[PDB]
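Okay, so here's just one chain, in structure tokens, the form deposited in one PDB entry.
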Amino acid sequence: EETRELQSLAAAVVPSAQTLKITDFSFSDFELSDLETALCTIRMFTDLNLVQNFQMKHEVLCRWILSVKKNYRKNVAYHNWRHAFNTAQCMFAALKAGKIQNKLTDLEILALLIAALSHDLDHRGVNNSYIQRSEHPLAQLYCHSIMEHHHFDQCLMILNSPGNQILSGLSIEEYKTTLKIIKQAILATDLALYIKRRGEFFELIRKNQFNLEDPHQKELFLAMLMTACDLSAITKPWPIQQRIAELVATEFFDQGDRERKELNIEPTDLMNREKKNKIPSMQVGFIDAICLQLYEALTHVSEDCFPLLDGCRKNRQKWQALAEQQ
């Protein structure tokens, strides 16, 4: 049944953040049941003071979380509920352990958590923005569909569904503002927009010009933070990192098989199952081109986010070792 879920969740005792280990950057969701990931999510909203400050009724928050989880597809190897959940957990860790919570307003935090959980809702296993030839230093290409996505639209649909209105406690103006931030946060998770706007952020950081209170720069930082959390699987302790990387590869190969049948074209190497041997070199190219500079830059705003950079570095070394073939 579909309510046996709400029934169990609404009545369950929500363990502390410490007990749930959600404050750790090295957090793993693998050992948790779906119910436990929902409890972890309730704790995130609670410890960031969102339930209290925004007058969220318990049953409403529970129904919303379940609705979000239900709208992801378990048959998609990587971009599913566990990815969204991990993205939100990383956001929680960055806000708490990284001390980013005091740098932002409660409305921004509310928007970020909702965005983290909802950003990949319109994912059917079709990756429309990625890097081709990452293993080729001088020939890497960033590709993206000419058409756009409806991730925000799905997020809005759930937020406005009867019984799921976790934003009903906001004022008319607060509601409008918050929706704008959520939309921008979700759009920011598209690699295309990240690649497009990161230069400005890196330059500000390099020149010690980053100003939290400049609205334009605040927006830019929130977009960068979203990407940092979205890509955080790449920073986990090696064994966790590799398990997640296998999922990403599986999804990519499944896409290549599908586009082969639907478009009669051979997939780029990234989505070609027969090119598995090249994975380590591809992982290294991706980390160098997209991840390392972002995690380095984040440490300049939040020194305590160092674990993300540290993990990214360690994993690059291990992937590189494999590329050279141990």
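Counting begins at 1, following the sequence as shown. We call the rigid core whatever largest set of C-alpha positions still superposes within 1.5 Å between the two forms.
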- Item | Other entries lacking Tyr72, at least a third | no
- Task: Output yes if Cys143 is unmodelled in at least a third of the other compared entries of this protein, no if it is modelled in all of them.
- Result: yes
- For 85-93 versus 251-259, entry-based mean Cα B-factors point to 251-259
- Out of 107-115 and 201-209, which one has CA B-factors that are higher on average in the deposited record? 201-209
- Note on the structure: Listed options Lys183, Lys99, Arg124, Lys236: highest C-alpha B factor recorded at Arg124
- Peak C-alpha temperature factor (PDB record), options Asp230, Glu246, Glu174, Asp120: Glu174
- Item | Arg43 - which third its CA temperature factor falls in, relative to the rest of the chain | lowest
- Task: Name the third of the chain's ranked CA B-factors that contains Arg133, choosing lowest, middle or highest.
- Result: middle
- Query: Compared with the other modelled residues in the chain, in which third is the CA B-factor of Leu61?
  - Reply: lowest
- Query: Considering only modelled residues of the same chain, in which third does the CA B-factor of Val284 rank: lowest, middle or highest?
  - Reply: lowest
- Task: Would you please rank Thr268 by its C-alpha temperature factor against the other modelled residues of its chain and give the third it falls in: lowest, middle or highest?
- Result: highest
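Below, we refer to the form deposited in another entry, which is not included among the displayed structures.
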- Query: For the list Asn160, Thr177, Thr105, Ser145, which one shows a CA move of 2 Å or more between this form and the one not shown after the core is fit?
  - Reply: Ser145
- Item | Flag for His300, CA shift 2 Å or larger between this form and the one not shown after aligning core | no
- Hey, does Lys74 budge by 2 Å or more at the Cα between this form and the one not shown once the core is superposed? yes
- Message: I want to check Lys276: does it shift between this form and the one not shown by 2 Å or more at the Cα, with the core superposed?
- Response: yes
- Query: Versus the form shown, are the CA atoms of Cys229 and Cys143 closer or farther apart in that other deposited form, given a shift of 3 angstroms or more?
  - Reply: closer
- Between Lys74 and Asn86, do the C-alpha atoms lie closer or farther in that other deposited form than in the shown form, with a difference of 3 angstroms or more? farther
